[PDB]
């Protein structure tokens, strides 16, 4: 499998192979589905919209609705203004969202389409019904990755909606980053256990992890409500979880509405979850309750109980920067080694943070690469093997070829059922991760050992 990948490395400067990212717009689409009664709108050629809706359905095994401007060759000459104006008329009439959240594509960005002007022209024409909203962001796919698209859409939410009206709400805003609905649920559960009022946005819980009830509901029950999105400007503080996905929105809200913010790691593992809980306690004066302390102590108990199977294990990790920074720290906390650590999303922070935690732990000889791909990691593995691989579905090819215990993590995970009901954040998510990691390690040991070395207890 992957037979064409050589052991001997010739460094590529132009040919991208098996990327560890996708493009901005699906991140903006995902963020928009975290708004209640929102139809995401893809302003470009319809291929984009179809592909982006499709990956969400493949990952979540759920519907994922979005409209498109359906550019033609004419639009490629005259711009997409006529298309989006037509689209909005059809969307409100046929599908009646409360808000259309527009993002763009490489096509409309190359063309320089002026969304603010189109939207003002829509309003002037009466195309936006009373009580309805159209918002936008710009998501050029030749910049950044899907993480950047998410970040941009959150900025667009703030730009259009957040308002400081002087009516303090006593809440903390939380921007959870590009994490799954189960992670959003777990973060909300922790706020609630701390007894801290909050506004989470975006929030895809109850949108991309919903029930079957026998009736299809185009706009699921979940998502942050428009009125609460407006009210984010009346909050005390914003917690930005994962700088790549969340800081742009947090900083925009500070500038617009004078809401201060604090940047935190995505809360995966011991220190990152601890830092999140401490930030909550420090911001509010609220004590950490026994239930949360119990969960942390159960995680520590599990880390110690399972320790022998973790110490010194070499791990290859690929994924999105916020999650992989925090997961790498957790790998170190477990006594294991982040050996090969890659993201396809550009930016210096990943490099700095990963390098710093490796140095603190005294770990030499790891490879950390920004704008690396799955081809890179496979080549590295051919030169020095690893004990564990953690990535999205596309790692499965390497795992099979190289016989490496494999943990599905991040996005997209398109080949298993129910993963989207499990958090990876918090003490609870950390417990699940340790179980999964040790299960796959032990499964391999027990499949491959000689019969005489087979064990009852482990």
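Residue numbers count along the first chain shown, from 1.
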Worksheet item: Out of 353-361 and 179-187, which stretch has the higher average CA B-factor listed in the record?
Response: 353-361
Item to complete: May I ask you to compare 127-135 and 258-266 by their mean CA B factor in the entry and name the higher one?
Response: 127-135
Practice prompt. Just grab whichever of 298, 345, 93, 328 has the top CA B-factor as deposited.
Written response: 93
Worksheet item: Which listed residue, 169, 273, 141, 246, has the largest C-alpha temperature factor in the record?
Response: 169
Practice prompt. Name the third of the chain's ranked CA B-factors that contains residue 436, choosing lowest, middle or highest.
Written response: middle
Worksheet entry | Third assignment of residue 305 from its chain's C-alpha B-factors | lowest
Discussion item. Split into thirds by Cα B-factor across the chain's modelled residues, where does residue 117 land: lowest, middle or highest?
Written reply: highest
Worksheet item: According to the PDB entry, is the CA B factor of residue 106 in the bottom, middle or top third of its chain, that is, lowest, middle or highest?
Response: middle
Worksheet item: For residue 240, does the deposited CA B-factor place it in the lowest, middle or highest third of the chain?
Response: middle
